[PDB]
Amino acid sequence: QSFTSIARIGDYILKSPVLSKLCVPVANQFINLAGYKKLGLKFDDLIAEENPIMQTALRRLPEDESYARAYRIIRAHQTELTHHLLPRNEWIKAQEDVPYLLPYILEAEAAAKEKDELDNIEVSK
Amino acid sequence: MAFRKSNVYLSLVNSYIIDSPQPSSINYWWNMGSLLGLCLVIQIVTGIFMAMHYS
Amino acid sequence: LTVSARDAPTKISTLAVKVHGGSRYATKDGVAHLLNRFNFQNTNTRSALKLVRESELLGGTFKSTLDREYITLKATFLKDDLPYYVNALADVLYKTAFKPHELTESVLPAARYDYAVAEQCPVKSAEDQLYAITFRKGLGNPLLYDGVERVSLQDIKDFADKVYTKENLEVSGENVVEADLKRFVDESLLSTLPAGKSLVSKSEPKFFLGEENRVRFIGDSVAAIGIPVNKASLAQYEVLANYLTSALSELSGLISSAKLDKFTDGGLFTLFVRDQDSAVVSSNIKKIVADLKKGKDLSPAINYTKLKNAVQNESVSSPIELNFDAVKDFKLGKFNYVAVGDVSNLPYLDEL
Amino acid sequence: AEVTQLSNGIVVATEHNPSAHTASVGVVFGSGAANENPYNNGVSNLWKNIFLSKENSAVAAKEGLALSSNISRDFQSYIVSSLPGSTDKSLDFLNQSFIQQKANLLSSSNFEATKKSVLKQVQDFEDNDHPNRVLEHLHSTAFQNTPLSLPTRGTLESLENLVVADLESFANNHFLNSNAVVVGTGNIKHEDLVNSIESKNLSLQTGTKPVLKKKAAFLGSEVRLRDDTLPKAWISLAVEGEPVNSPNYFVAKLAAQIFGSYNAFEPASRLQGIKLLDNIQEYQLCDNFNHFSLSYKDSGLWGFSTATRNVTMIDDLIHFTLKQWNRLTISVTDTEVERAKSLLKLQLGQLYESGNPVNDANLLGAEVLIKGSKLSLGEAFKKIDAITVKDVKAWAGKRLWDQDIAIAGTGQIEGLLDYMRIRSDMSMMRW
Ligand code: HEC
Ligand SMILES: COc1c(O)c(C)c(C/C=C(\C)CC/C=C(\C)CC/C=C(/C)CC/C=C(\C)CC/C=C(\C)CCC=C(C)C)c(O)c1OC
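Here it is in structure tokens:
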């Protein structure tokens, strides 16, 4: 499933006050149960990277965010291997759990989709 | 370079069993594969020795 | 064939063969460099490998330095092994093999590395540019090899023929008994060397003034000035350099370095302003040029420039020593300028 | 060749050499970075920097004197060089700065301008001097939570939080008389100097002793400063070495000479009689390496440092180097030992007898502070020549064989394997 598609559905829910008040609280509870924040991770650090879109995206990420993602990932592996969680004061806070890689991913999917469209454009005379 | 790396046969052993880079966090669930190779060996060895007496 | 020496009760001796074959005399660009890099390679009776293996067991090492004027073959070792190193040095000067493969496998690579190290230091790129513009073809000759003009194995051989002669070299053993030294030198192959001519000219080099060069460079920016000195007027510039590089001068923290290159027929005074951003390089040199034009000294650094010029125990053959105790004032006539680095944001010879 | 030293009220140590053009005089205190705390770390370096301040330095330049200072781990030194005749004016400047101006150097205009200089100084070090930076961190992890772990230049954080009072507090606890030695090298006589010293009386804080602490200890460990933006990998690895005044002080230094130092770009270096070179030159495992036997008051470090651009073969570099060191316990040859003796003498000579008296002072000062005297260069050679293969083996079997190590590195060190892999190579399998 593409991020363009997840964004389409997600944004539609976020705009409509009917769904927005019904779902978000469910989603918030789902995120806390997930537990990734207790390992010091941000959701975007969890995205499977072994594909061209994600490689293009990670390549375009500014240095500072890149070194940060690296530390968070290494810290998560070390904590996982010790069968512990990080001290609560080190957990990622909701304010910090921002979709930092999302804009780069969406941009790459659009560029990719346009190429696919242009390589297959039909012509009518 | 080290002999385990230069020799044609040993380098296979080295790249698969000695220097093979493993993710630091794999847990005991990742031990099943070696257990399967071991099982394969136990079945083959015991079967050949029994075949010697089977009709 | 001057054989100097100076015994002492210390355990480490140091034989040295100065030879007038630096870049100043170089027939082709960098040939002196290549020859210096060729010393201690294979001789006709001893391979470079054996020389090292043998000297290591005795307890001594070799080394071959290059100057703008000299090519010194020094040898540090344990006192009582003197004869060995005399003959080793003799062997090199008289019969190094010069095999074509030694050129391609050891000499060229070693020289390429030398040029590479120097190509990354902006002050040295400047110092080279300074010499090239002041002395347009004498001491302004390229110090290291860079391949601009071809240099075959023969050219290196021909140059060794000119430079390696009894009438163009000087033996000098520090911490060695002059008695045995002269004896061994004459008993060795030094005396068999075909003594040619001494290329050391006494006439002052035809220097130029009011010359400037600008080189674009990625890294630190550096502005430098160079002044051609006289054979007698060099003692004042010496104190000048030590003054600018001391707590006495206020503008000592505005420059990276300042020195006087003393030769046999004159000299060269250099001032280096080096820093990351161009803005700081511009101001720091523009200030120096202004403060030096309205020159001053009064010779307060007379005892300092005399003390710092004495800590050089290896050059106990220096020119004038008491000439310092004379002149006490300095101005700033015409000089030479070189901008290296962020050129488009660096001063010109005009606004200085 | 003479090491003269006498005590009257202060301990005076000198070593004359008439052929020397200049003379160096200075005081060497028996306390350095190893005496500091994690929080005032960098105070000694700070002292050195004001002693060389533009103000104090200009006063000595007018008089024709040159200043020099060195901050080490076990000691600290302040030196003034001069002509053989002005040997008296050096003492005037020495006393004028350590008693008269022990309050004029610490002005709120001089201190701030100096603090700003050691900050840009220590920062530049950490940002660019990778080999020394790595060697400093090696001491840091090897001797963690112990005196020898503190870096000589101090840390940026303890430095920027330092004040005039910290300098004073340190000065009033270590710059004492019982923790000092006045040294003089150059050409001046012992009787010549001691008179000018015993002339001017006044004790100034006599009977006072410096504070004590806890003994230094080696801890097998590592610190990895990975930085993939650097173009090379710089590593240092070592075992617990020998403290100065150790029976094996020389055996250790000889052992390090066996493997010596190397530089891949220097033709002559590639030809040395070192077995390790056959292994490392085939695929060019490194640009350079150098072994050392660092000795201090309570302990030392024996190992090597190296730099390399061959980032995918770092494991071979470490592996071949450690296999060679294994040899010292089991198969080092007579000729390797003999080659080492000769080269050790040559380097030990070039150190103890250079054309610079300031180096002589530091060497003399540092030695007399620890053992109360200095072993003559000729006395060393007697000890060096007496070393047998059997000695090196007994030493290695105690210090190198199956012993913990300490590691430090920076740059592209992804290829430097884990601790246990390195540690396992400190020995060999046998029947
Ligand atoms: C000849 C070599 C040989 C190989 C190779 C071998 N077997 Fe067998 N196996 C036999 C013989 C002989 C029997 C009959 C003896 C017996 O019943 O155990 C047998 C019987 C069996 C049986 C019946 C066990 C029972 O209830 O008696 C199973 C199940 C079995 N093998 C599984 C395997 C599996 C799984 C493998 C391989 C991964 C394997 N065998 C490989 C020879 C072999
Ligand atoms: C990246 O992750 C990895 C990983 O790569 C690897 C390699 C392993 C390690 C595990 C393995 C290498 C398993 C490999 C197993 C095999 C290749 C099985 C091969 C099987 C055989 C049965 C060989 C054939 C044997 C015979 C013919 C011999 C039997 C006959 C005999 C003794 C003759 C007897 C007769 C007489 C007369 C005496 C991991 O654990 C792992 O994750 C942590």
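Protein chains in written order, with the working numbering: chain D, 44 to 168; chain Y, -14 to 40; chain R, 466 to 817; chain C, 332 to 762.
Backbone N, C-alpha and C fix where the C-beta goes; we use that ideal spot for every residue, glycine too.
**Report entry** Within-8 Å CB hit, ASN501/R to chain C
**Finding:** Indexing the third sequence from 1 puts residue 501/R at position 36. No, because no Cβ of chain C sits closer than 8 Å to the Cβ of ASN501/R.
Requested in this report: Could you tell me whether the segment 613 to 627 of chain C touches the segment 637 to 649 of chain C, using the rule of 3 or more Cβ pairs below 8 Å?
Outcome: yes
Query - Among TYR596/R, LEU499/R, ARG533/R, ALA583/R, the one whose alpha carbon lies nearest that of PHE624/R - result: In the third sequence, residue 624/R corresponds to position 159, counting from 1. Cα-wise, what sits closest to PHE624/R is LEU499/R.
Query raised in the report: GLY691/R bridges to which residues according to DSSP?
Result: As a position in the third sequence, residue 691/R is number 226, starting the count at 1. For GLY691/R, which the question treats as bridged, DSSP gives the partners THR735/R, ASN801/R.
Report task. Output the distance between the C-alpha atoms of residue 787/C and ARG464/C, rounded to the nearest integer angstrom. Result -> There is no way to answer for residue 787/C, as the model of chain C reaches only from 332 to 762.
Query raised in the report: From what residue to what residue does the alpha helix (DSSP H) around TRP565/C run?
Result: Taking the fourth sequence and counting its residues from 1, the one referred to as residue 565/C is at position 234. No alpha helix (DSSP H) contains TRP565/C, which is instead part of the beta strand (DSSP E) from 564 to 571.
**Report entry** Reduced DSSP secondary structure (H/G/I, E/B, other) of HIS622/C
**Finding:** Within the fourth sequence, numbered from 1, the residue matching residue 622/C stands at position 291. The answer is strand: DSSP assigns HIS622/C an E or B state.
Query raised in the report: How many whole angstroms separate the CB atoms of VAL641/R and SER478/R, which I take to be in contact at a CB cut-off of 8 Å?
Result: Translated into positions along the third sequence, residue 641/R becomes position 176. Translated into positions along the third sequence, residue 478/R becomes position 13. 5 Å between Cβ atoms; contact.
Requested in this report: Give the straight-line distance between the Cα atoms of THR666/C and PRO369/C, rounded to the nearest whole angstrom.
Outcome: The sequence position of residue 666/C within the fourth sequence is 335, counting from 1. The sequence position of residue 369/C within the fourth sequence is 38, counting from 1. Computed Cα separation, rounded: 46 Å.
Query raised in the report: Does any CB atom of chain C fall closer than 8 Å to the CB of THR510/R?
Result: Stepping through the third sequence from its first residue, residue 510/R is reached at position 45. Chain C, which has no Cβ nearer than 8 Å to the Cβ of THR510/R, makes this no.
Query raised in the report: Apart from the five residues just before and just after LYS727/R, which ones in its own chain have a Cβ nearer than 7 Å to its Cβ?
Result: The residue given as residue 727/R occupies position 262 in the third sequence. Excluding sequence neighbours, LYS727/R sits near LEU699, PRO784.
Query raised in the report: When you compare only the Cα positions, how much space is there between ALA697/R and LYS667/R?
Result: What you label residue 697/R is simply residue 232 of the third sequence in a count that begins at 1. What you label residue 667/R is simply residue 202 of the third sequence in a count that begins at 1. Each residue's Cα considered, the two are about 13 Å apart.
Query raised in the report: Relative to ligand 2, is the shortest distance from any of its heavy atoms to the C-beta of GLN454/C smaller than 7 Å?
Result: Translated into positions along the fourth sequence, residue 454/C becomes position 123. It does not: the Cβ of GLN454/C is nowhere closer than 7 Å to a heavy atom of ligand 2.
Query - As assigned by DSSP and simplified to three states, the class of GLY357/C - result: Counting from one through the fourth sequence, the residue named residue 357/C turns up at place 26. Note: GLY357/C maps to strand in three-state DSSP.
Query raised in the report: Does any CB atom of chain Y fall closer than 8 Å to the CB of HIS347/C?
Result: Taking the fourth sequence and counting its residues from 1, one reaches residue 347/C at position 16. Output row for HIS347/C: interface = no.
Query raised in the report: Would you say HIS127/D faces chain A, with C-beta separation under 8 Å as the test?
Result: This model lacks chain A altogether, as its protein chains are D, Y, R and C.
Report task. Could you tell me whether the segment 19 to 39 of chain Y touches the segment 605 to 617 of chain R, where touching means 3 or more Cβ pairs closer than 8 Å? Result -> no
Query raised in the report: Using Cβ-Cβ distances below 8 Å, what residues of the segment 572 to 601 of chain C are close to chain R?
Result: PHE596, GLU597, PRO598, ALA599
Requested in this report: Confirm the yes/no value for this check: CB of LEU25/Y, any heavy atom of ligand 2, distance under 7 Å.
Outcome: Your numbering for residue 25/Y matches position 40 in the second sequence. Yes, Cβ of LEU25/Y sits closer than 7 Å to a heavy atom of ligand 2.
Report task. Closer than 9 Å by beta-carbon distance: list the chain D residues that pair up with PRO8/Y, in chain order. Result -> The residue labelled residue 8/Y in the question sits at position 23 within the second sequence. The contacting residues are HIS120.
Requested in this report: Return the residues of the segment 26 to 38 of chain Y that lie within a Cβ-Cβ distance of less than 8 Å from chain C, sorted by chain order.
Outcome: none
**Report entry** Nonlocal neighbours in the same chain, by C-beta distance under 6 Å from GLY638/R, ignoring five residues either side
**Finding:** Taking the first residue of the third sequence as 1, we reach residue 638/R at position 173. Closer than 6 Å at Cβ, skipping near neighbours: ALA470, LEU480, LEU646.
Query raised in the report: Mind checking if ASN552/R is an interface residue toward chain C, Cβ cutoff 8 Å exclusive?
Result: In the third sequence, the residue the question calls residue 552/R occupies position 87. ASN552/R does not count as touching chain C.
Query raised in the report: With distances taken between CB atoms, is the gap from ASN678/R to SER488/R smaller than 8 Å?
Result: Counting from 1 along the third sequence, the entry for residue 678/R is found at position 213. Counting from 1 along the third sequence, the entry for residue 488/R is found at position 23. In this structure, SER488/R does not lie closer than 8 Å to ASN678/R by Cβ.
**Report entry** Residues bridged to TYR409/C [DSSP beta-bridge criterion]
**Finding:** Taking the first residue of the fourth sequence as 1, we reach residue 409/C at position 78. Per DSSP, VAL358/C, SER400/C.
Report task. Answer with yes or no whether the minimum CB distance from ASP559/C to chain Y is below 8 Å. Result -> Residue mapping note: residue 559/C aligns to position 228 of the fourth sequence, counting from 1. Cβ-Cβ to chain Y under 8 Å: no for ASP559/C.
Requested in this report: Determine, using beta carbons only, whether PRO474/R comes closer than 8 Å to chain C.
Outcome: Within the third sequence, the letter at position 9 stands for residue 474/R. Yes, contact with chain C.
Requested in this report: Taking only heavy atoms of ligand 2 into account, decide whether any of them is closer than 7 Å to the Cβ of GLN121/D.
Outcome: Counted from its first residue, the first sequence places residue 121/D at position 78. Every heavy atom of ligand 2 is 7 Å or more from the Cβ of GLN121/D, so no.
Query - Residue environment, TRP15/Y, which counts as buried when at least 16 other CB atoms sit within 10 Å - result: Counting from 1 along the second sequence, the entry for residue 15/Y is found at position 30. Result: exposed.
**Report entry** Buried/exposed call for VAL26/Y, threshold 16 Cβ in 10 Å
**Finding:** Here residue 26/Y corresponds to residue number 41 of the second sequence, with the count starting at 1. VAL26/Y should be labelled exposed.
**Report entry** Any chain R beta carbon closer than 8 Å to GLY686/C
**Finding:** Locating residue 686/C in the fourth sequence gives position 355, counting from the first residue. So, interface residue.
Query - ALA581/R versus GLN743/C - alpha carbon distance - result: One-based indexing of the third sequence puts residue 581/R at position 116. One-based indexing of the fourth sequence puts residue 743/C at position 412. Near 22 Å, if we compare the C-alpha coordinates of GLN743/C and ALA581/R.
Query - Beta carbon of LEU658/R nearer than 8 Å to that of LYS627/R - result: Numbered from its first residue, the third sequence carries residue 658/R at position 193. Numbered from its first residue, the third sequence carries residue 627/R at position 162. Their beta carbons are not under 8 Å apart, which means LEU658/R does not touch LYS627/R by this criterion.
Query raised in the report: Is there at least one non-hydrogen atom of ligand 1 closer than 7 Å to the beta-carbon of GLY32/Y?
Result: In the second sequence, counting from the first residue as 1, residue 32/Y sits at position 47. It does: the Cβ of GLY32/Y is within 7 Å (strictly closer) of some heavy atom of ligand 1.
Query raised in the report: So is the beta-carbon of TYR1/Y under 7 Å away from any non-hydrogen atom of ligand 2?
Result: Here residue 1/Y refers to the residue found at position 16 of the second sequence. Yes, Cβ of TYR1/Y sits closer than 7 Å to a heavy atom of ligand 2.
**Report entry** CA-to-CA distance, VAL517/R to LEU20/Y, given in whole angstroms
**Finding:** The count along the second sequence starts at 1 and reaches residue 20/Y at position 35. The count along the third sequence starts at 1 and reaches residue 517/R at position 52. Answer to the nearest angstrom: the Cα atoms are 57 Å apart.
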